[PDB]
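The next block holds one structure in the form of structure tokens; read it before the comments.
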Amino acid sequence: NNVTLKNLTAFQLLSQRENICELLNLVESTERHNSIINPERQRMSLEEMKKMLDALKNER
Amino acid sequence: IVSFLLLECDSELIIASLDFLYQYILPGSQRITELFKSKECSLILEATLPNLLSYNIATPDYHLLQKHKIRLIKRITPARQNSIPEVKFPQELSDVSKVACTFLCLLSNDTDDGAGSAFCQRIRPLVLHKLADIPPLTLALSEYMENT
Amino acid sequence: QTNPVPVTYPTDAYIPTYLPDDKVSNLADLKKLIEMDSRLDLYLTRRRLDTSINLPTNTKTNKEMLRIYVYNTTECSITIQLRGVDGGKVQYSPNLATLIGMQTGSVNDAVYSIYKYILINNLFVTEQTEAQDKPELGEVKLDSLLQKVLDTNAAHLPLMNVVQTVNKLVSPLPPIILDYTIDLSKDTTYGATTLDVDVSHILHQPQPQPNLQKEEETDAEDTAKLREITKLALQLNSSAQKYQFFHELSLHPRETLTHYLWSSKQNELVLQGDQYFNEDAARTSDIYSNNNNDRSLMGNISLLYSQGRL
Amino acid sequence: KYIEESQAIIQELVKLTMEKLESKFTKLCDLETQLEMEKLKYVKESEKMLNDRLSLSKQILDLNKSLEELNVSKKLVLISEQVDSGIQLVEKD
Amino acid sequence: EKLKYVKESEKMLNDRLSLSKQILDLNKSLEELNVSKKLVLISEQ
Numbered sequence: 017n018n019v020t021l022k023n024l025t026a027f028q029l030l031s032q033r034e035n036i037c038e039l040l041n042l043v044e045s046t047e048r049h050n051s052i053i054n055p056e057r058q059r060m061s062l063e064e065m066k067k068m069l070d071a072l073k074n075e076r
Numbered sequence: 292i293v294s295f296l297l298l299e300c301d302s303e304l305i306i307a308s309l310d311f312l313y314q315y316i317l318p319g320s321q322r323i324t325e326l327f328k329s330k331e332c333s334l335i336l337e338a339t340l341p342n343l344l345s346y347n348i349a350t351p352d353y354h355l356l357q358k359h360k361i362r363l364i365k366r506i507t508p509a510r511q512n513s514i515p516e517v518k519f520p521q522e523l524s525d526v527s528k529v530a531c532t533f534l535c536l537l538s539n540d541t542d543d544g545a546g547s548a549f550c551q552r553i554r555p556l557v558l559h560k561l562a563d564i565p566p567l568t569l570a571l572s573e574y575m576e577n578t
Numbered sequence: 004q005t006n007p008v009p010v011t012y013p014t015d016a017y018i019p020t021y022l023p024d025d026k027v028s029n030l031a032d033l034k035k036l037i038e039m040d041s042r043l044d045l046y047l048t049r050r051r052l053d054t055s056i057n058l059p060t061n062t063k064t070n071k072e073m074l075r076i077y078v079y080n081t082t083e218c219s220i221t222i223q224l225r226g227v228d229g230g231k232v233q234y235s236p237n238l239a240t241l242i243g244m245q246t247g248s249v250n251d252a253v254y255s256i257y258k259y260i261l262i263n264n265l266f267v268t269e270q271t272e273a274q275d307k308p309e310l311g312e313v314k315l316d317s318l319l320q321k322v323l324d325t326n327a328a329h330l331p332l333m334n335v336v337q338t339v340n341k342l343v344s345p346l347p348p349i350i351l352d353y354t355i356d357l358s359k360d361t362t363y364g365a366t367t368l369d370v371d372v373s374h375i376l377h378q379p380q381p382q383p384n385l386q387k388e389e390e391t392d393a394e395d396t397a398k399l400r401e402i403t404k405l406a407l408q409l410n411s412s413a414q415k416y417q418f419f420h421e422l423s424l425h426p427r428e429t430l431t432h433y434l435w436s437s438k439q440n441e442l443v444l445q446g447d448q449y450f451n452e453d454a455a456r457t458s459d460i461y462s463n464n465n466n467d468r469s470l471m472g473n474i475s476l477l478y479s480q481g482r483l
Numbered sequence: 420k421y422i423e424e425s426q427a428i429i430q431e432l433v434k435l436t437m438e439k440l441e442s443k444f445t446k447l448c449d450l451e452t453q454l455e456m457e458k459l460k461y462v463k464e465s466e467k468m469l470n471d472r473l474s475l476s477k478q479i480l481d482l483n484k485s486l487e488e489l490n491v492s493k494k495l496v497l498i499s500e501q502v503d504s505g506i507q508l509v510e511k512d
Numbered sequence: 457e458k459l460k461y462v463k464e465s466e467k468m469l470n471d472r473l474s475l476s477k478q479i480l481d482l483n484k485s486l487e488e489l490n491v492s493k494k495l496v497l498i499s500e501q
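Chains as they are written, first to last, in PDB author numbering: chain C, 17 to 76; chain N, 292 to 366, 506 to 578; chain M, 4 to 64, 70 to 83, 218 to 275, 307 to 483; chain K, 420 to 512; chain J, 457 to 501.
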């Protein structure tokens, strides 16, 4: 919750190193990439959108 | 900018918006017309200015009275009920209220039969309530009460 | 409140505007939704302000009565209250009841009527009134009636004094009082002794609704929803920044790679600037030894001695 | 495909929601105009009643004084707790 | 709020008319016995 010079430099360096290691394909981030996408959450949100759209369609 | 006026928890932002609007409508009357041409700005000003008059000055509270119940004092003296609690009145305004008073005074000095003068007449009764609750407001809104 | 209460969690976040409009096709809808949310907020916050006009009246918008019997039976004051009496309706003094046209009302109604009377008859000392005809400005010139009401033989009381006298001129509704002293000769009386008193204001019982149980819940729910939305917006920003980095790399590889190398070297140099400050390097004679190739520690001694601090 | 269907659905949903909210806003604006009209009429009538009440109370005071001047045992009394509720000439001791 | 305003306006109008009738009758009675002035509603000029 506190930000010092050490924390800032470490954060920036970590981001840079992660990006570069991803360029060389030296990292497997399936867990993060599927917790952010979360296809289950995608299906849930899609069904919620469909239900809301049907509700708006039938009120007329 | 008038939406900025609509806030409540930031005195400095309100004072900045009021200063900008003052400097805006200051030179003449065509700018008053351009300001009140918009329906949203008109509505927000009409709903905001009288409430900005009584901004953070601790008006007399008539709710302690409604909550105060009247009984007989338990206890050879005759039976009194109880004394109605006192009601205090404010003795000075806040900066936001002073700036709003100056803005209303400036806005009232426009030519009749044109916008800005009809605004004061649409706003008058709420200002009368405010004046009844705050005497320094009656002293400070002299130019507004003259041109109305 | 007069200040926005600085908090510890992020309260908002920008939406990135450097994404390609062709690939991302739902930014326009999100911005439309944000605008509509702002409009709804404006409308609610505006219409939740008090702008209702209430002029002083009474008899605001039955057969229900009550009879009280008193009788001495054989073989002294009496006071009665009704507990439906609050400060919301009081008894105006008989003098004030001639200034205003009513006898019973609220306190704010009395104050408003006093101010309206001072307005109708021109009694405020103004610039024009002084120029036409010493009293100060914004003072009230008293008439015979105002003097009979305030009980002052002065002429130029200010306004605070007038409204404080108004506070003086108010008393609660008087209770029921009977004077049935005694009766000892007759067997029983059951005389008239009847009082017809309204109890309508007590059997109707207009009560308010329960509060402070959903306000806190609503506040907490809205805060949680706003924080979730802000977290999602920050995640979007992170993804967009990674995309922008890789796009820039695809455009100019050499410059971005040189920048990466230089920045990594510099950040690694920075992160190694406090390693010999841990009470282990401090308590042992290693970092003070001259055999260190880098002598950035002992070399200061001379200067530190000349400054006297040491 | 997945995201494409979601995009079409989102377009339609946003369109319908915007239309619904704009209709609600129009209704609210009309109702607000009506409220302002009624408030203006009420303000006019209430100011008239208040001025009449104050003037009538002062006149009642003067007339009771005059009745006491000419030796008349009558008084002018409010029928109820106001002036608007009615006044009448009654007799006392 | 709108309903409140409408109701109060109508009540005020009715009370005004009733008060005018009462004032007319009281002025007639005062003229009957003796008087120097008459009750006057400001609204009627």
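For each residue, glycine too, the CB sits at the ideal point set by N, CA and C.
{"Asked": "Answer yes or no: does any C-beta atom of chain K fall closer than 8 angstroms to that of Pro515/N?", "Found": "no"}
{"Asked": "Note down the Cα distance separating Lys341/M from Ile514/N, rounded to an integer number of angstroms.", "Found": "10 angstroms"}
{"Asked": "Counting only beta-carbon separations shorter than 8 angstroms, does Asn490/J have a partner in chain K?", "Found": "yes"}
{"Asked": "Roughly how many angstroms separate the alpha carbons of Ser329/N and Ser425/K, rounded to a whole number?", "Found": "38 angstroms"}
{"Asked": "List the residues of chain N whose Cβ lies closer than 9 angstroms to the Cβ of residue 65/M, in chain order.", "Found": "Inspection of chain M shows residue 64 followed directly by residue 70; residue 65/M is thus not represented."}
{"Asked": "What do you get for residue 2/C, buried or exposed, if any count of 16 or more other CB atoms within 10 angstroms of its CB means buried?", "Found": "Summary: the structure shown does not reach residue 2/C, with chain C confined to residues 17 through 76, and so no result is reported for it."}
{"Asked": "Please classify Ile364/N: does DSSP put it in a helix, a strand, or coil?", "Found": "coil"}
{"Asked": "Taking CB distances under 8 angstroms as the criterion, tell me whether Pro555/N reaches chain K.", "Found": "yes"}
{"Asked": "So, does the CB of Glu487/J fall closer than 8 angstroms to a CB anywhere in chain K?", "Found": "no"}
{"Asked": "Please tell me whether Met68/C has its Cβ less than 8 angstroms away from any Cβ of chain K.", "Found": "yes"}
{"Asked": "Rounded to whole angstroms, what's the CA-CA distance from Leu473/J to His374/M? Just pull it up for me.", "Found": "28 angstroms"}
{"Asked": "Where are the alpha helix (DSSP H) runs, 4 residues long or more, that stay fully inside the stretch 330-355 of chain N, in chain order?", "Found": "330-344"}
{"Asked": "Closer than 8 angstroms, CB to CB, is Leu52/M near chain N or not?", "Found": "yes"}
{"Asked": "Along the beta strand (DSSP E) that carries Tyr234/M, what are the first and last residues, could you check?", "Found": "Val232 to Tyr234"}
{"Asked": "Is there a Cβ from chain N that is less than 8 angstroms from the Cβ of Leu332/M?", "Found": "yes"}
{"Asked": "Is it buried or exposed, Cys550/N, if we count other Cβ atoms within 10 angstroms and call 16 or more buried?", "Found": "buried"}
{"Asked": "Where does the unbroken alpha helix (DSSP H) through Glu325/N begin, and where does it stop?", "Found": "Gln321 to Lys328"}
{"Asked": "Using a Cβ cut-off of 8 angstroms (strictly closer), state whether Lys446/K contacts chain J.", "Found": "no"}
{"Asked": "Please classify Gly229/M: is it buried, with 16 or more other beta-carbons within 10 angstroms of its beta-carbon, or exposed?", "Found": "buried"}
{"Asked": "On the DSSP letters alone, give me the boundaries of the beta strand (DSSP E) that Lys477/J sits inside.", "Found": "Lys477/J -> not in any beta strand (DSSP E); alpha helix (DSSP H) instead, spanning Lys458 to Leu489."}
{"Asked": "Can you list, in chain order, the residues of its chain whose CB lies under 6 angstroms from that of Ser547/N, leaving out five sequence neighbours each side?", "Found": "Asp540"}
{"Asked": "Would you say the stretch 477-495 of chain K touches the stretch 484-499 of chain J, given that touching needs at least three Cβ pairs under 8 angstroms?", "Found": "yes"}
{"Asked": "In whole angstroms, what separates the C-alpha of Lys439/K from that of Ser51/C?", "Found": "35 angstroms"}
{"Asked": "Pair every Cβ in the stretch 308-320 of chain M with every Cβ in the stretch 335-350 of chain N, then say whether three or more of these pairs are closer than 8 angstroms.", "Found": "no"}
{"Asked": "Measure the C-alpha to C-alpha separation of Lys518/N and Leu21/C and round it to an integer number of angstroms.", "Found": "55 angstroms"}
{"Asked": "Here's a check: name, in chain order, each residue in its chain whose Cβ is nearer than 8 angstroms to the Cβ of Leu523/N, leaving out the five neighbours to either side.", "Found": "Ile348, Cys531, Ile564, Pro566, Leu567 and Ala570"}
{"Asked": "Counting pairs of Cβ atoms below 8 angstroms between the stretch 240-255 of chain M and the stretch 353-370 of chain M, do you hit three or more?", "Found": "no"}
{"Asked": "Quick check: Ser308/N and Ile292/N, are their CB atoms within less than 8 angstroms of each other?", "Found": "yes"}
{"Asked": "Taking the alpha-carbon positions, what's the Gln357/N to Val227/M distance?", "Found": "9 angstroms"}
{"Asked": "Can you tell me which of the three DSSP states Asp228/M falls into?", "Found": "strand"}
{"Asked": "List in chain order: all unbroken alpha helix (DSSP H) runs of 4+ residues lying wholly within the stretch 13-44 of chain M.", "Found": "none"}
{"Asked": "So is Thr64/M in contact with chain J if we call contact Cβ pairs under 8 angstroms?", "Found": "yes"}
{"Asked": "If you draw a straight line from the alpha carbon of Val43/C to that of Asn410/M, how long is it in whole angstroms?", "Found": "22 angstroms"}
{"Asked": "Does the distance from the CB of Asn440/M to the CB of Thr25/C come in under 8 angstroms?", "Found": "yes"}
{"Asked": "Is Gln501/K buried or exposed, if buried means 16 or more other CB atoms sit within 10 Å of its CB?", "Found": "buried"}
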